[PDB]
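Hydrogens, waters and symmetry mates are skipped; everything else that's a heavy atom, side chains included, is used. The sequence lines fix the lettering, A, B, ..., with proteins before strands; numbering per chain opens at 1.
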Number of protein chains: 2
Amino acid sequence: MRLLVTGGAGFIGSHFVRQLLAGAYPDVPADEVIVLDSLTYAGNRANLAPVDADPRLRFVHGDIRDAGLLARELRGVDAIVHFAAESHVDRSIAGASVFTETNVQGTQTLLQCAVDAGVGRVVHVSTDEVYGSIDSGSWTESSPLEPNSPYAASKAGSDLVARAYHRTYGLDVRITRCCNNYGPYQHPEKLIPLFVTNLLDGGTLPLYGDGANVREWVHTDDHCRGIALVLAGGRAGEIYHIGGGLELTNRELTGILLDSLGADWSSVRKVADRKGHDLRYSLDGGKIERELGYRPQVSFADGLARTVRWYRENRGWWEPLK
Amino acid sequence: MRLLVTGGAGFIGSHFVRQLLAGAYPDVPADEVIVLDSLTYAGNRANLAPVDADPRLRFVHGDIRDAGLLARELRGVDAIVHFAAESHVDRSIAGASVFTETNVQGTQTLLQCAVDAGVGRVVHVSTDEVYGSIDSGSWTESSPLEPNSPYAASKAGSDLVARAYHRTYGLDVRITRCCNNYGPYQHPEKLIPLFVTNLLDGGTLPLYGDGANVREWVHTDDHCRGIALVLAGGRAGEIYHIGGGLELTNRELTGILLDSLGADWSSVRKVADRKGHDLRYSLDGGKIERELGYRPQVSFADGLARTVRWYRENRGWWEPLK
Ligand SMILES: NC(=O)c1ccc[n+]([C@@H]2O[C@H](COP(=O)([O-])OP(=O)(O)OC[C@H]3O[C@@H](n4cnc5c(N)ncnc54)[C@H](O)[C@@H]3O)[C@@H](O)[C@H]2O)c1
Ligand SMILES: NC(=O)c1ccc[n+]([C@@H]2O[C@H](COP(=O)([O-])OP(=O)(O)OC[C@H]3O[C@@H](n4cnc5c(N)ncnc54)[C@H](O)[C@@H]3O)[C@@H](O)[C@H]2O)c1
Ligand SMILES: Cc1cn([C@H]2C[C@H](O)[C@@H](COP(=O)(O)OP(=O)(O)O)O2)c(=O)[nH]c1=O
Ligand SMILES: Cc1cn([C@H]2C[C@H](O)[C@@H](COP(=O)(O)OP(=O)(O)O)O2)c(=O)[nH]c1=O
Ligand SMILES: [Cl-]
């Protein structure tokens with residue numbers, strides 16, 4: 001019952017850690033949790049402050065690319081949940097190399113070390129962006145990889161590395177793919193926290209192009225619960241989509257955020273569109289539901305409300321990040 | 001008309017270079033050819049000896065991972081044909097990291113530099129192994145990526161990086177995928193030259209498992225001619241399969257090689273099978289034929305005969321490599 005969580009000081013990773021330690025995943029027993037995080041601009045020790053008193057938690061400031069470190073930290077580890085990654089599309093367009101480096105090479109290093117340490121199973125956390133764009137309908141686990149951005153191409157490359165580790169060495173690795181997450185502790189470079197915090201700072205909102213692009217949104221709590229279900233009961237080598245997604249154009253979402261804050265359209269500015277911007281993401285989550293029983297439980301309206309309030313009450317957390 | 005060929009001191013790359021300089025590709029005019037090769041165990045200056053007197057040829061001993069070097073060597077380059085890679089499956093199973101490093105990160109570096117240098121078009125040379133294994137039938141350009149070995153996963157990751165460079169930055173990159181190549185100057189770690197040279201050395205042949213695995217074989221001359229057709233007339237962002245392949249089980253091929261050398265079955269030994277060994281590869285090459293007019297012109301029987309004779313007459317080349 002010794003687990004290692006990479007990227008556990010980031011947004012999603014920290015939520016998984018806080019929840020696991022809170023006992024929200026009865027089927028994943030945690031006797032000892034090691035968090036490995038290199039603390040890039042996106043990692044934040046404060047995301048784990050609510051649990052730093054936990055005796056079961058060991059925090060390791062280090063890199064997934066460090067084979068030396070992993071060979072030692074993975075001794076006796078039964079399972080790994082891998083969240084560590086460069087995760088922002090805009091950064092990837094501005095400076096792609098670090099995406100290959102952390103995402104593809106880091107994943108290769110981590111999995112090789114897992115094989116050398118005899119780790120039981122690994123959950124590789126991935127994204128819907130690997131599928132490109134979809135005008136109508138939703139993608140299934142058999143949809144083809146047609147990444148458009150360097151970030152998406154790096155995440156797809158890392159999913160291929162996972163497949164090879166399972167096929168060649170017999171590593172029990174499971175892959176999850178999810179839509180856009182939202183919730184407390186999300187870095188303010190991401191759409192929702194960026195727009196909410198700009199508003200709180202009395203600023204404008206940079207809406208790309210026309211705002212017609214479509215994304216599906218899931219509360220990170222639901223995403224993390226699906227990851228725990230896969231950890232506990234998925235099958236080696238399988239891919240699972242974690243749905244939930246309420247589908248919105250960015251325009252309509254912008255409107256919901258303005259309302260949630262008492263603001264108006266005059267706060268929005270239309271900016272030049274993102275290079276190669278994906279028009280629409282939509283994931284079909286029937287497989288995980290039929291196989292593992294997963295269904296989202298946080299409605300957008302409630303989740304979003306709690307999220308906005310969190311930002312309103314935590315300027316001390318986000319201010320420094322901007 | 002300035003071209004840069006990465007991996008041009010390797011097997012396929014050197015054949016493309018010798019042919020281009022020989023004028024076999026009238027539609028690809030070569031005023032200046034730069035070859036960039038890091039001379040790993042697989043690169044060999046002697047592969048280019050037949051053309052070192054060519055004034056149009058500039059040989060650069062360097063790495064695709066060296067952004068410094070590329071930023072300068074790519075100045076004024078109109079097109080790149082990218083062959084540089086770690087190419088042996090067995091090496092990839094024994095030591096996977098270098099595959100991610102050269103194949104995925106090296107490709108990312110090269111393409112970024114191509115975008116920064118304003119390079120007109122690039123041909124990214126890939127493989128049928130990205131598709132996994134296929135029991136019956138042949139794969140098309142829309143077949144899904146299901147790599148099984150670290151080598152295949154690294155080549156698929158590099159194909160995804162190519163797609164993203166085209167989708168995000170507008171880079172005119174074309175991808176080719178081919179079956180197993182054979183011919184003069186192939187390194188002796190590969191099946192055919194390994195078996196031919198073992199026989200010439202009076203040794204035995206390590207046939208994996210039962211030898212039932214199936215591969216399609218094409219003479220490198222045909223492969224290179226299809227690459228030149230894609231360079232000259234393919235379309236940005238497209239994938240092209242380069243077929244030819246006469247499909248054989250390794251058992252049947254072994255039998256053909258024994259005969260070509262006057263040997264017999266007593267020279268063959270059955271060895272433990274390769275981890276995650278792909279059972280069968282088969283590529284459909286209708287697209288390149290219908291779109292670009294490509295059809296293989298070297299029959300297996302003649303190509304193979306010339307190849308075996310080449311090994312018989314070039315012990316000075318291969319001996320040192322073993
Ligand atoms: N946020 C989303 O909407 C979304 C959707 C689906 C999938 N994902 C995937 O979920 C994962 C977590 O995403 P997130 O939004 O929490 O990201 P994030 O940017 O908030 O956090 C990433 C974390 O990884 C750490 N990290 C980065 N490089 C590292 C390295 N080399 N070694 C160790 N630690 C390293 C960072 O310090 C940080 O704590 C990523 O794999 C992402 O691709 C995210
Ligand atoms: N041989 C085949 O059957 C086959 C089938 C289809 C596709 N391919 C692809 O064709 C390409 C060439 O294959 P090959 O059989 O000629 O390979 P090879 O191993 O004979 O040659 C590879 C060449 O790349 C060079 N190289 C390696 N790493 C480098 C780096 N970081 N920087 C610069 N140069 C580097 C090596 O020195 C060598 O000259 C590869 O991309 C391979 O994946 C080969
Ligand atoms: C960050 C940002 C994003 N967007 C758009 C880009 C996407 O269509 C959507 C979400 O962007 P983002 O939060 O970057 O996530 P992703 O690119 O992974 O989907 O919001 C804007 O319009 N303005 C912004 O300032
Ligand atoms: C190198 C080698 C390969 N093989 C088999 C593995 C493959 O099925 C086939 C060709 O192997 P190889 O030349 O390594 O190429 P590839 O793995 O890219 O297809 O021959 C043997 O049986 N013995 C050997 O010694
Ligand atoms: Cl695919």
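Atom CD1 of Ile34(B) is separated from atom CG of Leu4(B) by 5.0 Å, given to the nearest 0.5 angstrom. If you take CG on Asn180(B) and SG on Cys178(B), they are separated by 8.5 Å, rounding to the nearest 0.5 Å. Note that CZ of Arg167(A) is 9.5 Å distant from CG of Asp278(B), once rounded to the nearest 0.5 Å. Residue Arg215(A) holds its CZ atom at 5.5 Å from CG of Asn213(A), rounded to the nearest 0.5 Å. Note that OG1 of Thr6(B) and CG of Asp37(B) are 8.0 Å apart. Values are rounded to the nearest 0.5 Å. Between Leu70(A) atom CG and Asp63(A) atom CG the span is 8.5 Å, to the nearest 0.5 Å.
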Donor-acceptor pairs are to be reported for all side-chain atoms of residues 283-292 of chain B against protein atoms at under 3.5 Å, with residues two or more places apart or in another chain.
| unit_1 | atom_1 | unit_2 | atom_2 | d |
| --- | --- | --- | --- | --- |
| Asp284(B) | OD1 | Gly286(B) | N | 2.8 |
| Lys287(B) | NZ | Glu238(B) | OE1 | 2.6 |
| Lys287(B) | NZ | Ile239(B) | O | 2.8 |

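Side-chain contact check for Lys270(B) versus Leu207(B): every heavy-atom pair is 4.5 Å or farther apart. Looking only at side-chain heavy atoms (C-beta outward), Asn250(A) and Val214(A) stay at 4.5 Å or farther from each other. By the 4.5 Å heavy-atom criterion applied to side chains, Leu69(B) and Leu36(B) are counted as neighbours.
Of the two parts of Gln105(A), the backbone and the side chain both hold a non-hydrogen atom closer than 4.5 Å to a non-hydrogen atom of chain B.
No side-chain donor-acceptor contact under 3.5 Å links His166(A) to the backbone of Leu171(A). Formation of a donor-acceptor pair under 3.5 Å by the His241(A) side chain with backbone atoms of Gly243(A) is not found in this model. Checking side-chain atoms of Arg174(B) against main-chain N and O of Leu231(B) turns up a donor-acceptor pair under 3.5 Å.
Residues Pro206(A) and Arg269(A) approach most closely at N-NH1, 3.4 Å, considering heavy atoms.
Using non-hydrogen atoms only and a strict 4.5 Å limit, the part of residues 82-104 of chain B facing chain A consists of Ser92(B), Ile93(B), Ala96(B), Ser97(B), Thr100(B), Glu101(B), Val104(B). Identified by a heavy-atom distance below 4.5 Å to chain B, the contributing residues of residues 153-162 of chain A are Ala153(A), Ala156(A), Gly157(A), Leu160(A), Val161(A), in residue-number order. Of all residues spanning residues 113-147 of chain A, those with a heavy atom less than 4.5 Å away from chain B's heavy atoms are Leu145(A), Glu146(A), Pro147(A), arranged by number.
Contact tally against chain A (heavy-atom pairs below 4.5 Å) for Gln108(B), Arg163(B), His277(B), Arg274(B): the top residue is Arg163(B).
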